[PDB]
Every structure is written in C-alpha cells, then in structure tokens.
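Chains as they are written, first to last, in PDB author numbering: chain C, 448 to 497; chain A, 14 to 50.
Quick reminder that beta carbons are idealized off the backbone N, C-alpha and C, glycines included.
Here is the structure we will look at.
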Ligand SMILES: *[C@@H]1O[C@H](CO)[C@@H](O)[C@H](O)[C@H]1NC(C)=O
Ligand SMILES: *[C@@H]1O[C@H](CO)[C@@H](O)[C@H](O)[C@H]1NC(C)=O
Ligand SMILES: *[C@@H]1O[C@H](CO)[C@@H](O)[C@H](O)[C@H]1NC(C)=O
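Written out as structure tokens, the structure reads:
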C-alpha cells in the first residue's frame with residue numbers, strides 16, 4: 448500500500464516505536480460508493496484489492 | 014481472492030451458493046500416526 452523509501456541522511460539509522468499487525472484482508476481506504484449521502488466526515492477513498 | 018492478480022477469466026461459475034460437504038474422519042494415534050522421530 449505505497450511505501451517508497453526513507454528520504455533522510457545516509458548515515459542515520461531508522462527505528463520504530465509501535466508495531467501494528469493487521470489481518471490478511473486489510474485496506475486503509477473506505478468504500479467510495481457508500482459515501483454519496485454523507486456531508487460530515489467524508490474520507491478519501493479508492494478501490495481496494497480483491 | 015487468493016491473490017489480487019487477475020490471471021484469467023475463462024469458465025468462472027460465479028453463480029452458486031452451495032459450499033459442499035468436505036469429509037470427516039477421526040485421527041487415531043494408536044499405531045504411530047502423527048508422531049515424528
Ligand atoms: C525527502 O523528500 C521529501 C519529499 O520529497 C521531503 O519532505 C524530505 O524533506 C526529504 N528529505 C531529505 C533529507 O531531503
Ligand atoms: C481479467 O482479465 C481478462 C483477460 O485479461 C479480462 O477479459 C477480464 O475482464 C479481467 N477481469 C477483470 C475483473 O478486469
Ligand atoms: C449450483 O451448482 C449446481 C451444480 O454444482 C447447479 O446445478 C445449480 O444450478 C447451481 N445453483 C445456482 C443457483 O446456479
């Protein structure tokens with residue numbers, strides 16, 4: 448789901464602080480066809496994989 | 014489904030509801046089945 452690179456200086460190492468595991472059917476986008484009646488809290492959307 | 018690369022679409026009977034009977038059996042370990050060295 449779109450991780451390109453670490454764009455930092457080439458002598459600094461990266462380390463995380465939280466690991467979030469998800470299930471095998473994850474997608475961070477909402478369904479766009481079920482948003483056409485909402486006014487408040489309209490999220491960005493796309494077409495998730497099958 | 015399994016993956017998300019559409020390989021082909023020939024002869025895909027996607028009009029059904031019947032999840033078929035699979036089978037059942039009982040695992041019997043009395044003679045060595047299910048063990049390893
Ligand atoms: C890497 O690129 C992003 C966007 O192009 C920018 O925000 C960031 O400051 C860059 N990092 C460095 C170390 O140049
Ligand atoms: C899957 O691929 C075949 C051949 O490339 C095409 O005819 C079919 O429409 C595709 N299915 C979808 C859902 O795009
Ligand atoms: C379900 O599959 C059977 C054969 O496996 C077929 O005879 C039946 O018509 C199918 N049901 C539907 C609703 O198409």
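For the pair residue 448 of chain C and residue 455 of chain C, the Cα-to-Cα distance works out to about 21 Å. Here residue 39 of chain A is not near residue 46 of chain A, since their CB atoms are 8 Å or more apart. The three-state reading of DSSP puts residue 480 of chain C in helix, counting H, G and I together. By the CB criterion at 8 Å, residue 477 of chain C and residue 492 of chain C fall inside the cutoff.
For the pair residue 14 of chain A and residue 497 of chain C, the CB atoms are nearer than the 8 Å cut-off. Residue 482 of chain C sits close to residue 489 of chain C, with the two beta carbons spaced by under 8 Å.
When DSSP states are grouped into helix, strand and coil, residue 468 of chain C belongs to the coil group.
DSSP, read as helix, strand or coil, puts residue 36 of chain A in coil.
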